[PDB]
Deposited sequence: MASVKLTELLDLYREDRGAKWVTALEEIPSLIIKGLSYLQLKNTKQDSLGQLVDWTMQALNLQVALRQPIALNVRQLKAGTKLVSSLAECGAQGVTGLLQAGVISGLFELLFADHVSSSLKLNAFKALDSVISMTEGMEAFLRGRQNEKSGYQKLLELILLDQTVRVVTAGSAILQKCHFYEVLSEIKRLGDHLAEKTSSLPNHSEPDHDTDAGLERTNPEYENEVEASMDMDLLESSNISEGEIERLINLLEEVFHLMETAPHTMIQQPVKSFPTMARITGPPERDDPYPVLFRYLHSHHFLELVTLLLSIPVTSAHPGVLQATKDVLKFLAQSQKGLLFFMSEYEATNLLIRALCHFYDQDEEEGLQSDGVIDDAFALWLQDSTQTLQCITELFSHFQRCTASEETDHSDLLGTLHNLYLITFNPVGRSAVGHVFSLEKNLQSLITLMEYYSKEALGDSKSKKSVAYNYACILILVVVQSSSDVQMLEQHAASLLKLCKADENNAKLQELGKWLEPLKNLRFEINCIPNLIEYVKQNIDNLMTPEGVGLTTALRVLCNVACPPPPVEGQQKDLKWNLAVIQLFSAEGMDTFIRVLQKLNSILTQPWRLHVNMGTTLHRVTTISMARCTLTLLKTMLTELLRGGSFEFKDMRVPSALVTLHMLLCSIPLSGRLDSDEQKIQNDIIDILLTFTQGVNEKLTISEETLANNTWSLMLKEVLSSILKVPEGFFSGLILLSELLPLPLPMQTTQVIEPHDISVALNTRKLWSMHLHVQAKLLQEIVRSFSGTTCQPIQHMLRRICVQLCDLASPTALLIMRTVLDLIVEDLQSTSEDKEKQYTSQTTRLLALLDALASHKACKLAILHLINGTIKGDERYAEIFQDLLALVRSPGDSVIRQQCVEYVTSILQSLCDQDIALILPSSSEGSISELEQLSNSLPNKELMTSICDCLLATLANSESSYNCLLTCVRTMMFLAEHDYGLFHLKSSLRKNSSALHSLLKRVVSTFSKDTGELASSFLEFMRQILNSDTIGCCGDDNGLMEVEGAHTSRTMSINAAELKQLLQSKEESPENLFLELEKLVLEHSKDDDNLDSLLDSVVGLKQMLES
């Protein structure tokens, strides 16, 4: 290609016309695989309108369109190209076309793409922002004001959003250098708050980068649903990592974690660990850490001397290094004459040693799930198919397949693994690996394969968490990324494949299958728990957690889109009746663990979709309120809480998580809607308070008090009803003792008075207490009588200890009442 490029360049040294335009159009293919000066001189003449005007028909707009493709090709070659382009004046030369008159919107839209490839390197954005004379930033700002079409105001916004990210990293560096070097007074909460605020912008401008910082194809329109465009896109992350490297991001996070003032701050440790967590979830991000390998170790030490993020990062970096070594071994040494070569035995031994602790198997199975890193082990077996290298590879592949949950490597490698497992029928480590990839028999991962996976699960549902039924962990992992989109990001375009996926799920009987999966998983951990297999190995725990998470994600994806805006009703009372028991079994211990907590969040999210789908007009009729999607879910949850003596403390956590936080337009809309539905289940809510009042347990009592406070803070009628219930409990407790004899005070009475004292501290409960004791309601004289009894008890104390607690509680109640 180089020889061809030399011939073309020398032939048209001074030739202009159709031949020159043909050469310009042909060059970009050649450059893929001092001519740079001549190429730069050619590029600046193809962008000149004074040369385009002097050419015949159809040859004048093909010279300008072909001059914006030499920019996108010369800049990507390296810094030596961008430096020459900037020295020639590409920034100013690309703005004489956008500002020019009568230019079509498809040639202006191409000049933006040439500029996006110039400011994509740190040498470029320095010249774009700081003028060389007006800068390019000011020119683009003026260009936005001018009236443009829909696709030109969208292309110019991507350049602006990319410039913002470069200017949030520049202020972080200055702020940190001034914070640490100078002061360490000036280290106040009005200055640290900027650091946490700036570090939440870096995490925000990289999560939304693929959507608001890329240049869309010329034939794509900014619609909220993606239609009429090429399917491919561009990856912005290499540029972002190029900016982070130039600003020395890692050499500064270590500075914030190694300074007397802000290292101890819990809000800065958490803020900087969310950028690092996101950055290490990709192959490009993990390779970013190993580029400056010296600065990564110091960061690990700084994060470590202060929960297992440092250990996980160390394991991931070691795993990636070993994988790179494995790939490099089969390149320099194409043929392995010595099967047991010492270098590869050492590499395999280190990889095997990493996989002992549970935090090591979650990092070995994570790096191997990115790109095509699983090919090294398959190649190592195929070369040798015993050798010791074979055994280690078999063990490592079993580990990766068992542990990893993002099964995208299986869409291409499942063909090799199955035939390799068929080849060796006597190895006990391959007869098990072939059982995991059982559903993946002649399967192509699109929507058309969803019914096959659902059919396989439906058939082999009887064997869950058994040696034979280990293919259900993979048949549910595969089905959970084909049809379940990742969480939405602001600025996205709603792809229409995800609606068809959910339609296919509903057509292939996904609902019943997933309900059966959840029910079967529930009735193993509780009734068949008599075997007391309480996660004896790391397999029984990880497998169960993965199945639970996958089923929950599928259920949430189906129910969110189905019950989106209350268009359609839902009455199947099986989903909000097995999520409670799953919460009791799994989320029983905060939960933490980064996996037990997410299950609770998903359970709450699935339960909450029954409230959003509500009718705001049919809020008066008794039939329309007692048979709503809200009321049925609430009845099922409340009944489920009061069905198992063991399931009380966990149920109160669920009830607390459902209800809104204790005490503008949307705040009152939901709070009063909650009280309207809660009023129907009066007998169910009253049963919670009375049943859990007669027990002795500090966590249970504290949860009960918190729930009472929340329900009182909801709205007024519910608070009054709860106060009626509790004071009626007081009335019956004091009426249980015969008035003929001396009044009997028990520990239950002391607990009840403590409950009244705890409730009375809140103004919302205060108003209800005052309204009830005022006696305005007809038939409200009993509460006045019981208050008079309390006053008489105050006037007539005693010497008993229980009498002492009663007197102190009643005095505290009266003190709160006087306020």
Spell out the unmodelled ranges of the deposited sequence for me, N- to C-terminal, numbering from the first residue. 1, 35-46, 146-147, 200-237, 360-375, 455-464, 669-671, 746-757, 914-1107
